[PDB]
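J.: Take a look at the following structure, please.
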Amino acid sequence: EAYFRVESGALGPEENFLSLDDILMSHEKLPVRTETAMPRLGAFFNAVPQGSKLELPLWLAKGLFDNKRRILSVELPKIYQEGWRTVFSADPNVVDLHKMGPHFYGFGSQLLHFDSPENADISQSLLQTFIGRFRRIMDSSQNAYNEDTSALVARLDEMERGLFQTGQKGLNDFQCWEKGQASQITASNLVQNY
Amino acid sequence: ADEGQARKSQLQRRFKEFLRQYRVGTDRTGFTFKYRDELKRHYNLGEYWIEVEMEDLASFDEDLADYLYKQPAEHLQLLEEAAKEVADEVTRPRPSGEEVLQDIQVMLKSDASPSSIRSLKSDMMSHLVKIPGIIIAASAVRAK
Amino acid sequence: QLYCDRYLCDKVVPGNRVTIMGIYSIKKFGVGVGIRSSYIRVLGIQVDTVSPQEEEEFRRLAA
Amino acid sequence: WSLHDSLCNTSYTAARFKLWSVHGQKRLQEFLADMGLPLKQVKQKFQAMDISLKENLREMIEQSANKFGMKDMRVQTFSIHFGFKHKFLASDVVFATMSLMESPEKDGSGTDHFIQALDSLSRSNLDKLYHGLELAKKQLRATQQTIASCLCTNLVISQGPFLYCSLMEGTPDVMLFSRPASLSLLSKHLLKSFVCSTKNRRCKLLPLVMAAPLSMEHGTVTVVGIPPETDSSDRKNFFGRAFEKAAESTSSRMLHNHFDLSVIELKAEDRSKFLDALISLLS
Amino acid sequence: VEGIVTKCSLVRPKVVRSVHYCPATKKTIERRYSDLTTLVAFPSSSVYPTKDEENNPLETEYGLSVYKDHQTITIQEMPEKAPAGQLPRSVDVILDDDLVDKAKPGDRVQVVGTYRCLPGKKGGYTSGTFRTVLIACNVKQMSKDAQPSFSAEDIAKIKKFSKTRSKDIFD
Amino acid sequence: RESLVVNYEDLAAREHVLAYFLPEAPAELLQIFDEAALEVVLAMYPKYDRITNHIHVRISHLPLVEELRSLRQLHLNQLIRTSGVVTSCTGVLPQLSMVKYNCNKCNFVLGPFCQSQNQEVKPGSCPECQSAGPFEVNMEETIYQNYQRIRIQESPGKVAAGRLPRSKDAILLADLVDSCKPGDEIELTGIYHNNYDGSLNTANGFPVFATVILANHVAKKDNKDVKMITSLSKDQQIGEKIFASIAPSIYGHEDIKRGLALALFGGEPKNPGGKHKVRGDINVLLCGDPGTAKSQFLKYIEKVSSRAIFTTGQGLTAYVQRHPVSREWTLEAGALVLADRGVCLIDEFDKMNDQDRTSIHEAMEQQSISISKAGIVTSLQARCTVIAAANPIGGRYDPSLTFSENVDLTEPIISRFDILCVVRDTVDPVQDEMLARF
Amino acid sequence: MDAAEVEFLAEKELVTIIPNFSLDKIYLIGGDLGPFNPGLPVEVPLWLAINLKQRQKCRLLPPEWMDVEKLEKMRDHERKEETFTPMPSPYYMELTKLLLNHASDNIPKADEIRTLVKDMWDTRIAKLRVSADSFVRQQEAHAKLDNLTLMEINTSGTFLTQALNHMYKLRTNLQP
DNA sequence: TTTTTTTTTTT
Ligand SMILES: Nc1ncnc2c1ncn2[C@@H]1O[C@H](COP(=O)(O)OP(=O)(O)O)[C@@H](O)[C@H]1O
Ligand SMILES: [Zn+2]
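Protein chains in written order, with PDB author numbering: chain C, 3 to 47, 58 to 206; chain S, 21 to 164; chain H, 246 to 275, 285 to 303, 314 to 327; chain W, 284 to 566; chain G, 172 to 342; chain L, 227 to 450, 460 to 549, 555 to 678; chain P, 1 to 176.
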């Protein structure tokens, strides 16, 4: 109630520095093709050729990128390719955005700092998927009371679980006021140890 | 014949005032409308079924919960046609994609002592029974 | 013999314990001269009966 | 309860009908048949019994109990309604509270049950009352299975001026009556069943004295004393003096710990040393 | 629908039009047929008129009529997708019009067809129970079971490698 | 109970004229007696109307016990008393008793016709819209009654002297259903009623009618205070006195008498508190050369015990069977589920088949069978004590080898037996007289 | 916010009681009260009427808008109109909870007032999730809520605003 | 969808 973690800026211009969600977000891998040799460090993948397909975290490919593609170029995973961008248009209420994740909107908004050609078509997928999956999170979260919700929440990602936990915290708080139950003073964080 | 529908239009009105009025909880703590809220919370999720309890129906209006034990066939219909007229005045206006009112399968449970298969004498023909057992088979779903 | 319906279908699996509330009735598809068949039209059914923190008692024990 | 399980357990029709001897169990059957109560409705819970029977039940029962020698069958009490389904008789609250405070299984100090029973008297806690009615049932079905022991085995000794009994640990459901407060009711129902059972004319007017083991480690038992039973007993007990003077004479180890005097804890070895001096003292 | 084919039926014709002829009047009348396995679903009778008007006799002409093929297969749920507690469910498909022999027992197909219920009546009294079928209008074998789709780049590589060295290519 | 018994002999004593009218036209006297007993009971218990409002009077031991093969056409529609085993029973099906239809064009219910057990009832034309058509029943006002059909047949050795055993049908109505199971020995008492069948006429070529006994009273003939037993058990020496009470004829073997007596009463089937399910059944396995009254030890325990069954090893589990009467492919009980609490007497244990062997062992340490047969997947109960006797190989038990050799039995099976008695023999002069004389 | 502070803001509404004790004017930091003449009406803030009722020192009175007839017209007016219609008091839910729980015997026909209030509530909540779905569905940037009371706002606000922020972000991530 | 009898392939 007073532990206010630093929130995630993974949807705006640039992720926050201290947010433990973005730190684990950017760690996810991404495919690149190198433009030069990689001397003195070919141990991991001593030198590495130019024109080689490698898998690197996102944070690494932040500074190793330039406009001229001096060191390496990037190509998007298939989840954001043209293939799946039609699937997410058929009916977005069917996809398991936890397997295709578990950071869909967080990752996809950082792949816009690579000035690829099809950006005007990724920032339209996300917008049209989130709008598609809305009337199923506005209604399965404000209307699921004293139920086992661990199956209404099995196909969501970190940007959506944060909302499914705000619908419930406002349902279970009006239903606790209606029953004269939110008058008793209780232990706040000690019942967490118990 | 003409008194038939005139009784029904007076039962389908007393089965509707039960869902619309039955509460629980005391006066010290606070109350809770038990079946309107479940109708709404099951409709908005897209489930279309409530679970009426026979003790409640008995304690509200004593005659209805007796008809329901004697003539369950022709009274479950009135119950399920009042559940549909209450689920209409509770969830409306439905937002955009649905505007046709669905049909509410009213199940019902109870807390009463169970009979047994060996105690199904023919005088129990068309009376609510309550038997325990063990499922042994299962057909494949079909249309009807 | 039972007869389940819209939302009671695929609710129980062969091997379960249940408690049926049904309308004992007769088939009307119209050994003896006036014998009928009989079933129970079910309209109520019942059934009789990994973690994050659990992960750590594996972690520390492996460590 | 059901209408059947509450005739077999009230210690006022479980005495007259003699519902512990197969010879008189048919009396209950005849009583039920004389009213037109199907044996299948009487076995089911009362809230689910058909509506056509319960019209004048409380009169067709008082009548058909004259034909059997039970004329004090209607009493004067009160009842409360809260809401839609909440309907209590003033002698259900009592049997539920009295059994939340004296539950056998102990979960802490002596003042852990007291709190849970004080809780269940306000209307904001109908979930404890409605729970303390499943203990009060479990107790009443485990009392007629003890008064059925000491009357199909004749463990009521006629030790002279007073009857006498005792209990055995091996019998099931005898650790439930270990408390020194839930033992007085068992004895006071035992006397009521006995006085109706025996054929003598002397035993029918002698007070009872009962002992049951308290503590195996200290090796001690608990002892009570109840007035001579009758219909119009004045209810003026006299054992708080007898036990005192008897322990004084024998000079044994006793404890008058409670507030009432007629309940004592006694060494398992000073039983006879105490009892003989008491027999002589009451004379 | 996805899943395994576990039987097939015997391919049989099925009329969709007749062409009759009057040897007396030298005319030519036709007749259009339809059953419950169409998209329009009117049950026509296969009476094959022999005397439209009682005066003249008729005679069918099979060469000028129109028949079509008709099969009936049974898809069944994949084994590794069943909850393993039951006998996996099935469904009936009605292939047609040169979709016919496109599936043999033991395959993994993805039929794409309309879903339909077809009623009946034996003696003017119908049980409410119906039988539901799938009037397929496409079929796909899921597993690719061949490797002929070489790229022109691949055949280029191949004709290179086969020419590079004829001495040491076997070893 | 709505069923009153009227012993016939007293009816003949106190009444000279009715006890002669009765077995002549009993389809109406047994109807008048109903309305008499009703008005009597409703006077002795004026509220009994709330219990079934209808009384049937049975009749006990007519003086004319009869055979089942000597029923000729003289007895059509006459009260009759017979005897014999019952060999089938359908399930308790509900039959119409006071039917009541409803018209399809007027929403009016037709007259309450009664159902007679020879011909389907026929409603006329609607007296409200003259809409003569195919009416359907009205499940809410119709009255039903239980129904069951059994096939009785002559007792095995009683009358079937030098011929085959005949059989007959019987129809048990409301209160009687489930009064008897396949294998019971009963003695019917019922009108012997005939009815026309169109099939027999097409097989025999002559107008021939079928017959059936509308049973009116079923009284089984089978096998169904402590103050003595107190001191008799307190003899302190009841062991010797009981050992020589079983095996009443067969001399000797006070050794195996002990073990079998131990087995008969059993032991205690305690439930271990560690979820280990120890069993409380004593299983015995005799063995010994031929001619030593093993089979008699089995047959006498068939008698003395209760709810016992028997089998040879030359049917052990429930199997699909086409019912004789109902003509449905049902499931019938085997031979290890009919001893679900008593004993199972196996004979010729050696002659069991591989399926039989793999099925017998399962029930020893689990006492529970599963049947995923063509009928349906079930899991039933079987708690029986097994009493069997094997044979020695080579026509003689020879004690040079271990017993696990002369028995010819799979090794993990002998472990499933508690006692292993070995019957043996020897030429002994002093016992030759003892056994001969006996 | 949270319901237990809307309930705090709602205990400032004025109600009318009938005391049965003598007391002279009190000068509260939020006004004046009294004098309390036994058997004579006086108007006080709720948090005092409730607290005096619990101590058996008064007898409440039903507010005028709390009539079983005018309410049976509000309940129909609400279902006819297709926008949020004006309501008797900005805090009617909390009034008809606190009053009817603590003074249900001084209010005639409490268990019909209660059901009509709940009927109104169950509609004004249905209009919200339609007015909060067209917003997203059509990607608006403004929405005029007409006569929403603070309680309806607070029951589904901390979800709606939090799910519109994540939409503004997704809709303006391509400009730079 | 059951017995019983008779021929031929198969473990
Ligand atoms: N000691 C005995 N006392 C009485 N009868 C005996 C004795 N020994 C053998 N018999 C006779 O032998 C018969 C039993 O043979 P049985 O044990 O069944 O042979 P098998 O074991 O080869 O089947 C009995 O009918 C009985 O008459
Ligand atoms: Zn008609």
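No residue lacks a Cβ here, since even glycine has one placed at the ideal position from N, Cα and C.
1) Which residues in chain W have a C-beta closer than 9 angstroms to the C-beta of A132/S? List them in chain order.
2) Given a limit of 7 angstroms on CB to CB distance, which residues of the region 364 to 387 of chain L reach chain H?
3) Return no unless some Cβ of chain W is closer than 8 angstroms to the Cβ of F80/S.
4) If you measure beta-carbon to beta-carbon, which residues of the region 143 to 164 of chain S are closer than 9 angstroms to chain G?
5) Give the residues of chain S in contact with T625/L, contact being defined as C-beta atoms less than 8 angstroms apart.
6) Suppose the cutoff is 6 angstroms on Cβ atoms and the five residues either side in sequence are ignored; what does the same chain contact list for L473/W look like?
7) Could you please give me the residues that DSSP links to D263/G through a beta bridge?
8) Using the three-state DSSP reduction, which class does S362/W fall into: helix, strand or coil?
9) Between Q327/W and the rest of its own chain, which residues show a CB-CB distance below 8 angstroms, the 5 nearest in sequence each way excluded?
10) Determine, using beta-carbon pairs with one atom in the region 59 to 67 of chain C and one in the region 29 to 37 of chain C, whether at least three such pairs fall under 8 angstroms.
11) Of the residues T527/L, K469/L, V266/L, which one's Cα is nearest the Cα of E228/L?
12) From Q97/S to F38/S, what does the alpha carbon distance come to, in whole angstroms?
13) Report yes or no: do three or more beta-carbon pairs, one from the region 58 to 69 of chain S and one from the region 140 to 159 of chain C, lie closer than 8 angstroms?
14) When you compare only the Cα positions, how much space is there between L128/P and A4/C?
15) So is the beta-carbon of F84/P under 7 angstroms away from any non-hydrogen atom of ligand 2?
16) Which one or two residues does DSSP pair with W569/L in a beta bridge?
17) Less than 8 angstroms between CB atoms is the rule here; does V72/S satisfy it with respect to chain P?
18) Determine, using beta carbons only, whether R636/L and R581/L come nearer to each other than 8 angstroms.
19) Under 8 angstroms, do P320/L and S142/S count as touching if we go by C-beta distance?
20) For the alpha helix (DSSP H) that contains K476/L, what are its first and last residues?
21) With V318/L as the anchor, note down where its beta strand (DSSP E) starts and where it stops.
22) With a cut-off of 8 angstroms, does the C-beta of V287/H fall near any C-beta of chain L?
23) What are the uninterrupted segments assigned as alpha helix (DSSP H) that are 4 or more residues long and contained completely in the region 243 to 313 of chain L, given in chain order?
24) Counting only beta-carbon atoms, is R138/S nearer than 8 angstroms to chain W?
25) From the beta carbon of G294/G, is the nearest beta carbon of chain S less than 8 angstroms away?
26) For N344/L and chain H, any beta-carbon pair shorter than 8 angstroms?
27) So, is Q257/L buried or exposed, given that buried needs 16 or more other C-beta atoms within 10 angstroms?
28) Are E588/L and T547/L touching if we call contact CB-CB under 8 angstroms?
29) I want to verify the contact list: residues of chain L whose CB lies under 9 angstroms from the CB of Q91/S, in sequence order.
30) Would the C-beta of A528/L count as close to ligand 1, meaning under 7 angstroms from any of its heavy atoms?
31) According to DSSP, what are the bridge partners of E173/G?
32) Name the residue from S540/L, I627/L, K407/L whose alpha carbon lies nearest to the alpha carbon of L576/L.
33) Can you give me, in chain order, the residues of the region 124 to 140 of chain P that have a beta carbon less than 8 angstroms from any beta carbon in chain S?
34) Do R299/W and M343/W have their C-beta atoms closer together than 8 angstroms?
35) Please list, in chain order, all residues of the same chain as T38/C whose beta carbon is under 7 angstroms from its beta carbon, the five residues on each side excluded.
36) Under 8 angstroms: do the region 226 to 234 of chain G and the region 188 to 197 of chain G share three or more Cβ pairs, one atom per stretch?
T.: Judging by the given coordinates:
1) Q327, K328, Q330, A331
2) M365, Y373, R375
3) yes
4) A158, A160, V161, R162, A163, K164
5) Those within 8 angstroms of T625/L in chain S number zero; the least Cβ separation is about 26 angstroms.
6) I430
7) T245/G
8) strand
9) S285
10) yes
11) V266/L
12) 15 angstroms
13) yes
14) 31 angstroms
15) no
16) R562/L
17) no
18) no
19) yes
20) 473 to 478
21) Looking at the DSSP string, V318/L is not in any beta strand (DSSP E), and its letter there is neither H nor E.
22) yes
23) 244 to 247, 252 to 270
24) no
25) no
26) yes
27) exposed
28) yes
29) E366
30) yes
31) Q281/G
32) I627/L
33) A126, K127, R129, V130, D133, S134, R137
34) no
35) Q62, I83
36) yes
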